[PDB]
Every structure is written in C-alpha cells, then in structure tokens.
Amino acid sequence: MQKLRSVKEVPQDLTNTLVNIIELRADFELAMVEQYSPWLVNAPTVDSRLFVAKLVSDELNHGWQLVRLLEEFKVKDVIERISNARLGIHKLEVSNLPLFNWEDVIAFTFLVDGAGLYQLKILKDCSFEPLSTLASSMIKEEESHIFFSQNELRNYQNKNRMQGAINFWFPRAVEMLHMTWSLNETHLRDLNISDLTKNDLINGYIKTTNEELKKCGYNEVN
C-alpha cells in the first residue's frame, strides 16, 4: 500500500478517524501516568519503584508525542480535552480505575497494558507514516513492561490474591479491545489497521494470555 507521510496527504474523510485513533491512544497512556504515580513511593521494593518511574516516564513521553502529532491536524479542542482529562473523565472505563493494591499494578500491566500492545503491533502497519513510526518505536518499551509484570506474577507469594486481581482485570482488558469496534471500518481499511476490530485479535489475545498465565503458575480466565 501507498504511505501517507503528512496531514496534507490524508483525505478529509480519514482525518476524524485518524485523530480519534491518536486521541484514544494519547488518553490511555496519559491515564496510566495518574494510575501508576502513587506507586513511585509505595511499590514494595526498590527495583519496583524504579520500574514504576521508568513506565511513568515512558507513558508520559509516548502520550505527549501522540498529542504533538495532533497539532498538525488543527484539533485544538481535542488537544485541550486530552490535557484536562483526569480519573473519571478518561474515554475507557479501565483508564478511570485507580490501582489501589500492588497486585492491581501487576495485573493491569500484564493484562491491560498487554492488550494495548496487541493494538500497538497493528498500528505499526498504519498507512499514516507519523503514527506507524511512533507505534513501532513504542513496542520495545511496552514489551519491557510486560516482561517485568511476568516476573512479578511468578514471584508473587499470595497466589490466591493475585488470581483475584487477574480475574478482575482480564475481562476488562477484553472489553477494552472491543471499544475500537465503533470506528469506521472503511476508514480502518484505508489506514491498513482493520485488524483492530476483528475477532481474531481478541481470540488470539485470550488464548495467548491464558497460555502465559498457566506458564506463570495461574488459572486461566474463560
């Protein structure tokens, strides 16, 4: 397919869907800044606190690189809405939930941030070059978040308390993946990202995640 290097190369018909895709991703990552911030001080170990600092730094930098992409689209009201968004007025329900306990941080990183990586791997093939380049550079940082959470899962002592957190966040991660299904299918095909709304992504996410949970010593969520 032919690439779209600039906003000038994007037809007016595609702008609203492309803006909404970038807005949704910017809001998701900036919400993580609020959700993970209490754990800079309260994470159980030194290495854990250092990781929370890295993730917060990564999501904040990712988030404002996405918002900087929107400046080229002349959508000042969308940018102001993203900037003023706080817990309770984020787009996704999963973005309006605080992470009160350490097992919520682990389960959220592994399952919700995990589900977001499945979407990011689709966006790396987007016809709009500024977004596909930005999505590709973010994958390595998100994979280190999953790797850390996988290690925290294996090392967690209260396996019953951890399972309870997995059982809470797993269906919410699945519901989050369904939130793209309202986007224009014709616009997604033109942007080469129609894989976002197919059932195969959700079935593949459930299958692989349940396989990883088993391998980490936890019960599958079905």
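Just count from 1 along the sequence shown to find any residue number.
Next item on the list: Between 195-203 and 21-29, name whichever shows the higher mean Cα B factor according to the PDB entry.
Entry: Comparing averages over the C-alpha atoms only gives 195-203.
Check: Higher mean Cα B-factor in the deposited model: 150-158 or 44-52?
Finding: The stretch with the larger mean CA B-factor is 150-158.
Next item on the list: Would you mind finding, among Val94, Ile89, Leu111, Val75, the residue with the largest C-alpha temperature factor in the entry?
Entry: Among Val94, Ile89, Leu111, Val75, the PDB entry lists the largest C-alpha B-factor for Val75.
Check: Lowest, middle or highest third: where is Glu80 by Cα B-factor in its chain?
Finding: Middle third - that is where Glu80 ends up once the chain's C-alpha B-factors are sorted.
Margin query: Going by the CA temperature factor in the PDB record, which third of the chain does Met176 belong to: lowest, middle or highest?
Written below: For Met176, the deposited C-alpha B-factor lands in the lowest third.
Notebook entry, point to check: What third of its chain, lowest, middle or highest, does the C-alpha temperature factor of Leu120 fall into?
Noted result: Answer is middle: the recorded C-alpha B-factor places it there.
Note to self: Quick check for you: using the entry's CA B-factors within this chain, is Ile166 in the lowest, middle or highest third?
What the structure shows: Lowest third of the chain for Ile166's C-alpha B-factor.
Margin query: How does the C-alpha B factor of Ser132 compare with the rest of the chain: lowest, middle or highest third?
Written below: Within its chain, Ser132 is a middle-third residue by C-alpha B-factor, going by the deposited values.
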